[PDB]
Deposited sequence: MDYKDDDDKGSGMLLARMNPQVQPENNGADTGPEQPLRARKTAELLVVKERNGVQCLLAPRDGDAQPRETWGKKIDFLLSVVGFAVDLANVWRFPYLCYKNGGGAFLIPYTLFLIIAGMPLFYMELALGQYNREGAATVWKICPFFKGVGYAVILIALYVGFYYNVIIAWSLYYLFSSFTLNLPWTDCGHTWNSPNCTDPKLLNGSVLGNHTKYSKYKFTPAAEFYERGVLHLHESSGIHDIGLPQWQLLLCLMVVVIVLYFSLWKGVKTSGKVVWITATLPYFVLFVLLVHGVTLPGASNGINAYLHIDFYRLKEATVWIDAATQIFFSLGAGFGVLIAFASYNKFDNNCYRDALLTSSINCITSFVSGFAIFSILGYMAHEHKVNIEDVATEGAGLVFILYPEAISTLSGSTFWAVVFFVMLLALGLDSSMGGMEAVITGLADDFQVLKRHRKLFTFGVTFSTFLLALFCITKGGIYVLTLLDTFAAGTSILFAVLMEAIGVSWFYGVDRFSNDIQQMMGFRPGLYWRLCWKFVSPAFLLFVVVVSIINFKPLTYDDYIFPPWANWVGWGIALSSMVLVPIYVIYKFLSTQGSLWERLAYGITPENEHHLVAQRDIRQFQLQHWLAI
């Protein structure tokens, strides 16, 4: 297998992997939808007890097994079905993640203008309802130039009444997505890249942009209200279950657990990489980045509330287009809006593409370790993955493609990834054993995990994942894009898409049971024991059939 270069394996380079589109785009709107302040406590809790333990576990598993997202379960075939699952989950992300980058690309095409299109009204897409503060509603107040440009000048949402009538893909977004998938193909057709300019620029540009945004927000008039709202904890929202689900999903998106990216990345690392320090640094940097991003978001929200004289909770939307409304307007206030807008759009395109490459690599590395034919047909396989994503994403660039994008973001990567990571934790801590995992970590790095890590991997994280799965399944809420209630059939289609990845585990356990020849004992042994230890099936020496294995702790 290949190995990453010294540039990306540096101690000060992991921060480059810490940045992701979820922390720049998804975390802002998730926190705004959850109120702000009431979302940081569940986020930090799931990071310290669930996110970081699963992060370390996936890193160690990928470093040990030296396999992709699916084959990494060579120690227990009965859980191999979850691998493909997360792969499909990653594929689901490609159905919408690539759609967002192209959006920023269109903004790039709107960035080379003296007068920015999101500054004032009077353009073609601007409806008569467009309101310019320099020159109406307490529900969402979508009558701002930045919102009119995003909904009518980019997505053309005014030409669609709902998800039932999506329309036709806009030619602008069509060409943008074509350029995006072409770059994605030409940046991955030669396998992994030891060192690249793309991963190098994503380590300094995002932090600089966030610092500039913070310095601008702390000086904007009226941002004090947003700052105070961000530092206010609403316990009645903590009593609700949606906040915890959103925090878990955001943690899994930011850290990458549940997509196969971590295992694929660790499969090409060295046999002595200290994943403990890497996990600590990643968690800390991600928490700090999320905190400062939420602070800047609430500062911009307070500024817009002061400028438009609208309430903070009703000044902008709570969907996937929030960062395309708040961030641009602030750039309009800074001197030289053109240069800052260009820099911000280039940063978005960079982090967006770096995330798509990481996610697509997880799909390929896994499917090639499954089928060695695809290992040699990389350029043809890459094309298939990218081209399939481009097509199945043509749905999200239609006049009403934002609805399908939100549906995929809510259901395709909702309870499915939670169930996947729960099955992974169960298969690693119970079926495989915490003792064997600790011995592997010791023989790889030189030290055994403490009581805390093992108790989290075996008891804390699985229990919390089961809890969030239960509250996601039972306490379900209908999807609404802040104004439009999705019809019941849309929710049924979303649940079916989620089940498409969820039921991959029992389907595989059924297949692994029928394909295996022998009695029930032999079938169960071949399904729960590692391949290289299959000889122990002949000697009738199975650890999982002993009480000491499940009581290892």
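Sequence ranges 1-67, 203-211 have no coordinates in this entry (deposited sequence, numbered from 1, C-alpha basis).
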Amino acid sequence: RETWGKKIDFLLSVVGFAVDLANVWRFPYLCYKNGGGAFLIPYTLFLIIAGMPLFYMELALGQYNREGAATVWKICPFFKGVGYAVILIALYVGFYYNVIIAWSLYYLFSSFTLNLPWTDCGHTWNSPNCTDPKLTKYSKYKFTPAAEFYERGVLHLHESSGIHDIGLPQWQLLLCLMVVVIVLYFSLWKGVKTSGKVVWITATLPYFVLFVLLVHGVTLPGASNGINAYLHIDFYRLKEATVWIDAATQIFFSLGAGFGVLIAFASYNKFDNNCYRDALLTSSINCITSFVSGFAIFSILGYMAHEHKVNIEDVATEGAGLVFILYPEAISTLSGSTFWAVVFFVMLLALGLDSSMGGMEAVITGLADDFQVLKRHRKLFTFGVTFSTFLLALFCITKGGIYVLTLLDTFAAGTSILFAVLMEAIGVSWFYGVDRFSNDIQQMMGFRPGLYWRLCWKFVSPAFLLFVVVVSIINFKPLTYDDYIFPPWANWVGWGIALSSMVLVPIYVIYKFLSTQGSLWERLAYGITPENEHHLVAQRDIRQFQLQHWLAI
From here on, numbers count along this sequence of modelled residues.
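Whichever C-alpha set is largest while still superposing within 1.5 Å between the two forms counts as the rigid core.
In terms of root mean square C-alpha deviation after superposing on the rigid core in 8 other deposited structures of this protein, the stretch standing farther out between 537-545 and 14-22 is 14-22. Of the two stretches examined, 188-196 and 98-106, the one with higher mean CA deviation in 8 other deposited structures of this protein after a rigid core fit is 188-196. Compared with other deposited structures of the same protein, residue 385 does not meet the criterion of being unmodelled in at least one third, since all of those that resolve residues on both sides include it. Per the records, residue 552 is modelled in every other compared entry, just as the shown structure includes it, so no third of them leave it out.
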